[PDB]
Structure formats: C-alpha cells, structure tokens
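As a starting point, one isolated chain is supplied in structure tokens, in the form deposited in one PDB entry.
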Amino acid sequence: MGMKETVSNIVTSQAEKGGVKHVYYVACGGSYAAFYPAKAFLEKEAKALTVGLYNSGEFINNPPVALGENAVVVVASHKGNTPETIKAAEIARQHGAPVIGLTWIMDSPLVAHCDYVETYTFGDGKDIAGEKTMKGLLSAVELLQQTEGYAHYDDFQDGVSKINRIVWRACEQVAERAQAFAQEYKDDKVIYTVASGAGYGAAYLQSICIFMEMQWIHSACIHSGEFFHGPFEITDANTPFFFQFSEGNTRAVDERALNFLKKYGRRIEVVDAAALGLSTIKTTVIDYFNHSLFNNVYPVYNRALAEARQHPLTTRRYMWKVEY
C-alpha cells in the first residue's frame, strides 16, 4: 500500500502533536457515497478514533471544532477541480490537519492543496482491489491498524485479494438476468431502492443512477429497518423495489424487509451478494466488501435498462455533469 506508507508518514508527523484522533472524509457527488464504507468501518471497529463523513459544502461552511493537528482529512475529486472540495483541503491545511487527496488526474488543482495524493483504478476492466472506494477503505484500515491495532487486518487483506475475481465473475453471472430485468421494468417511471449497513452508500448511488435513467421522480432510498416503523412505501402507485440484499451483520435486517415486501406481493428485483459469491470473504470483514460488489455489478443492469428504453423525440431527456 501507497496507503500504508502515507498513513505511516502521517502517524509519524503527528505523534508529537498528540496523535491522530479524528478522520474526516469529504467529497461531493459519487465521491461522497463512495466513502460510506470507510465511515461504517471506523464506527464499527474503532475505540479511539472518531470519523465524520461530510459533503464538501457542509464541511467548509460548518467545519468541526476537532479540525486541527489531531485530525486527518481525506478528500476525493475524480477530476480534481471541484471548487468546494478544494476549499475543504485548503481549510484543513490552514488548521494544520494533514490532507490526503484521492484523484484520477494527478495534474489537477486539488493536488496543490493536499499533503499526500493517492490515485485509483478506473473504467471498464479495472482491478477492483485498487478502485476509489477500496482506497477510501484502505485509508480507514491503515489509520486504525497504525494507531490502535486492527484485530482483523489479515482477514481484510484476504478480502482485498479476492474481491476482483468475485466482481468479474458476478458481472458475467448477472448478464442474462439484467436483460430480463430490463424488459420487466422498462415501462416503469419510478423504482425504490432498499439497503442497509456498510453497503448503503452503493444503494444511494444506484438510486440516483435509476433516477438518471427514468427521470421522473427521485424516490427514497429506504434503509431496510425502516419498513417496520411508521408508514411504509406501499400505495396504489404499485412502485417496484430494487433490493440490495447484503452479506454480513445486517443481512438479518435485509431478510426481514424482503419478507415484508413479499407479504404485500410487491415487484422486487433482488440483487443478493450471497448469490454473487461474496461469501468466501470472511465474516469478520465481509460487510465492507458489499459496496464494491454492488457498485460494480449494477452497471450491467443499468446498461440493459437504458438499451431496453427508447423514447419519442417529443419526450425531453436530460443530461448532467455527474461527479464520479
């Protein structure tokens, strides 16, 4: 790891200042959700490190008081020119926090405001062990490991060594179902997403990818636990559900939600990490690999849906500059 080395440098420099006590992940768009696994990892595993996950806009208007020499700030920007994210790195450096930047473009303006820069694999055919989300997690595993010890580091590196094969085989495996999925939902206008736990970020991104295909109403990305309380999303609209079924410690919540939806006869596309072979990653760390699986399989489904859908030229279609 580049990350192992980076964190080792940071842990050395800040020792005299009282150590790393706080980690802040800061990004917008698809870079924000990509750090959700790092946030979930530190919340689950840490005893003496705090973690905060911020949109760049909220961070620079309302930075925490702990921002200082005992904080590390990890910023991400695919192209390295998001103005709010650059200001975050700058505000961090002016408070004496070391900044790690994550970017595809090493020339970018962002780089000039980072103490350390890490890049990632990108595009069709990429190695998943080196992708943006995995680098964000590796920052968290190395900060924990090098400050207080991480009981399951070797299981984790075992996981990193398996995820790429798992994902490539999963994408092949969903191909026929994706086609059928496309025919079944090509005439819907709105679809809900459901998820829980450390892969939720991937579901949130998928909810926005569906929105970008369907372009009608941006629907709620429902946490699985929330069906059992108060209102639930079953009405005369007959909206279908795109259901992220996780491996790991929140699988029991997901199963309870899936059974609920089944008792109401809903239309549900289930995408099950267990059915896609995640289960060879050990129980200790499998929660943290859900995101990399789903986020790299959903494009197969999204491509099929797009291709199954053609629009009259009388229908206005929208495009955006989306932040990877």
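Only residues modelled in both forms are compared. Basically, rigid core = biggest C-alpha set you can superpose within 1.5 Å across the two forms. Note that residue numbering follows the sequence shown and begins at 1.
A second form of this protein, the form deposited in another entry, is not displayed here; the remarks below concern that form.
With the two forms fitted on the rigid core, I'd like to know which residue in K189, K79, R169, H218 is displaced by 2 angstroms or more at its CA between the shown form and the other one. With the rigid core fitted, the residue that moves is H218.
Large Cα move at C209 between the shown form and the other one, threshold 2 Å, rigid core: Moves: yes, 2 Å or greater.
Where do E176 and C209 end up in that other deposited form, Cα atoms closer or farther than shown, with a change of 3 Å or more? Here the pair is closer than in that other deposited form; there, farther apart.
Change in CA distance between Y264 and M214 in that other deposited form, which is 3 Å or more, as closer or farther: Farther: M214 and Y264 separate by 3 Å or more in that other deposited form.
Using only residues present in both forms, find each stretch of at least 3 consecutive residues where all Cα shifts reach 2 Å or more between the shown form and the other one, with the core as the superposition reference, and list them in order along the sequence. That run whose C-alphas all shift by 2 Å or more is 209-220, the only one.
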